[PDB]
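> Based on what follows, work out the 3D shape:
(2 chains, ligands or ions: 2)
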Amino acid sequence: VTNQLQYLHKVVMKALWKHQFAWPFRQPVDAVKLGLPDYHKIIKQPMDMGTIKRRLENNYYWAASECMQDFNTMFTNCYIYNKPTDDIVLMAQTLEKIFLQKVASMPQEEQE
Amino acid sequence: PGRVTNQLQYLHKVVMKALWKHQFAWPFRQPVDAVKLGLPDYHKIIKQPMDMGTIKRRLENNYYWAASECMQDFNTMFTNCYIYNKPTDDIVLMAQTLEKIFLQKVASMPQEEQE
Ligand SMILES: Cc1ccc(-c2c(C)noc2C)cc1S(=O)(=O)NC1C=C1
Ligand SMILES: Cc1ccc(-c2c(C)noc2C)cc1S(=O)(=O)NC1C=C1
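Numbers count the residues shown, from 1 in each chain, chains lettered A, B, ... in the order given. Ligands and ions are numbered 1, 2, ... in the order given. This is the structure:
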């Protein structure tokens, strides 16, 4: 447990998890359900906010940067896989804006 | 218009300097030239072009009011790259690498924005 990780859990994840556009990102992409046979051919490191949330709850992360990279991977996967005009991209962008706004105010020095 | 903050100074002198000098940064240091690169659909797909040269100039001209605004511009640059290019293109991997460094460095940015 660190101060930055606490911030990421109590401020960033709290804000993103309850957001009206969060629902597509709350669980792993189910390629069978969504009819996306190439999803795992293209996206080699799937990530979602349920995983990140679970990881924060279970003290998985050793540094705040590791959690931030997971958030980034989730969003980046969405941009890489999907078409420019897909609504999911807009939703990801909206959530990522909040992520960045909040991360701007994260504690600067990681103290365990 | 904007102002000078400790955070913006950090983004300029620490984050941007680290990214700019990276071996994978050369495609990102100036606006995408769709004509030179032969990408006639580029501006039909990417409606808000962004690059580190534009971001650097904005930092130098005190365009940003808050660090978060500068970070948004970095995100737009990377997101544009992912949205436009094929997943398998080298440029995507290069963006991914630079973006990871960006986040690593942003993690150590001063916490309270002060003018
Ligand atoms: C239901 C769903 C779940 C996950 C995704 C998704 C994410 C997230 N990242 O790539 C894909 C594909 C897309 C969708 S979706 O089918 O595009 N619907 C949402 C836009 C409303
Ligand atoms: C030369 C160049 C310049 C800009 C881009 C670019 C960026 C950045 N973002 O989208 C595109 C397209 C791509 C290229 S490129 O032609 O894909 N070459 C790079 C892989 C080495």
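> so who does whatever residue of chain A ends up closest to chain B touch?
Distance from chain B to each residue of chain A (CB to the nearest CB) is smallest for residue A:79, at 3.7 Å. C-beta coordinates here come from the backbone N, C-alpha and C atoms, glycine included. Taking CB atoms under 8 Å, 6 or more residues apart in numbering or on different chains, we find residue A:79 in contact with A:89, A:92, B:79, B:82, B:83.
> now do 10 Å
Residue A:79 makes contact with A:86, A:88-89, A:92-93, A:96, B:78-84, B:87, B:92, B:95, according to CB atoms under 10 Å, 6 or more residues apart in numbering or on different chains.
> Same check on residue A:32?
Listed by CB under 10 Å, 6+ apart, the contact partners of residue A:32 are residue A:39.
> how about it, secondary structure?
helix (DSSP: H, G, I helix; E, B strand; the rest coil).
> Show me where chain A has its helices.
Assignment of helices within chain A using DSSP state H yields the ranges A:3-7, A:14-17, A:31-34, A:39-42, A:49-57, A:64-81, A:87-103.
> and among the ones you listed, the most buried is which?
The highest mean neighbour count among the helices of chain A, using mean count of other CB atoms under 10 Å in any protein chain shown, belongs to helix A:64-81: a mean of 22.
> Quick check: residues of chain A near ligand 2?
Within reach of ligand 2 by CB under 6 Å from any ligand atom, chain A has no residues at all.
> rewinding a little: what's the closest non-adjacent residue to the residue of chain A closest to chain B?
residue B:82 (3.7 Å; CB to CB, 6 or more residues apart in numbering or on different chains).
> What residues does the most centrally placed residue in chain A make contact with?
Centroid-nearest residue in chain A: residue A:71, 3.1 Å away (criterion: CA atoms, centre = their mean). By CB under 10 Å, 6+ apart, the contact list for residue A:71 reads A:8, A:12-13, A:16, A:25, A:47, A:49, A:52, A:95-96, A:99-100, A:103, B:103.
> Determine which two of those residues are furthest apart.
A:25 and B:103 (17.8 Å; CB to CB).
> Switch the helices of chain A over to TSV; also include distance to ligand 1.
Shown next, in TSV, are these (distance: least, CB to the nearest ligand atom, whole Å):
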stretch	distance to ligand 1
helix A:3-7	24
helix A:14-17	13
helix A:31-34	5
helix A:39-42	7
helix A:49-57	10
helix A:64-81	4
helix A:87-103	4
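> export stretch A:73-92 as PDB, just CAs?
Extracted C-alpha coordinates of stretch A:73-92, given in PDB (Å, rounded to 0.1, in the frame of the first residue of the first chain):
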ATOM      1  CA  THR A  73      -3.400  -0.300 -21.600                       C
ATOM      2  CA  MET A  74      -7.200  -0.600 -21.200                       C
ATOM      3  CA  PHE A  75      -7.700   2.700 -23.100                       C
ATOM      4  CA  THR A  76      -5.000   2.000 -25.700                       C
ATOM      5  CA  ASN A  77      -6.400  -1.400 -26.500                       C
ATOM      6  CA  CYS A  78      -9.800   0.200 -27.200                       C
ATOM      7  CA  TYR A  79      -8.200   2.800 -29.600                       C
ATOM      8  CA  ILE A  80      -6.100   0.200 -31.400                       C
ATOM      9  CA  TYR A  81      -8.800  -2.400 -31.900                       C
ATOM     10  CA  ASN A  82     -11.800  -0.300 -32.700                       C
ATOM     11  CA  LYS A  83     -12.700   1.800 -35.800                       C
ATOM     12  CA  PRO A  84     -12.200   5.600 -35.500                       C
ATOM     13  CA  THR A  85     -16.000   6.200 -35.700                       C
ATOM     14  CA  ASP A  86     -17.100   3.600 -33.000                       C
ATOM     15  CA  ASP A  87     -18.900   5.000 -30.000                       C
ATOM     16  CA  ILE A  88     -16.600   3.000 -27.600                       C
ATOM     17  CA  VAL A  89     -13.700   5.300 -28.600                       C
ATOM     18  CA  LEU A  90     -15.600   8.400 -27.500                       C
ATOM     19  CA  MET A  91     -16.500   6.700 -24.300                       C
ATOM     20  CA  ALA A  92     -12.900   5.700 -23.700                       C
END
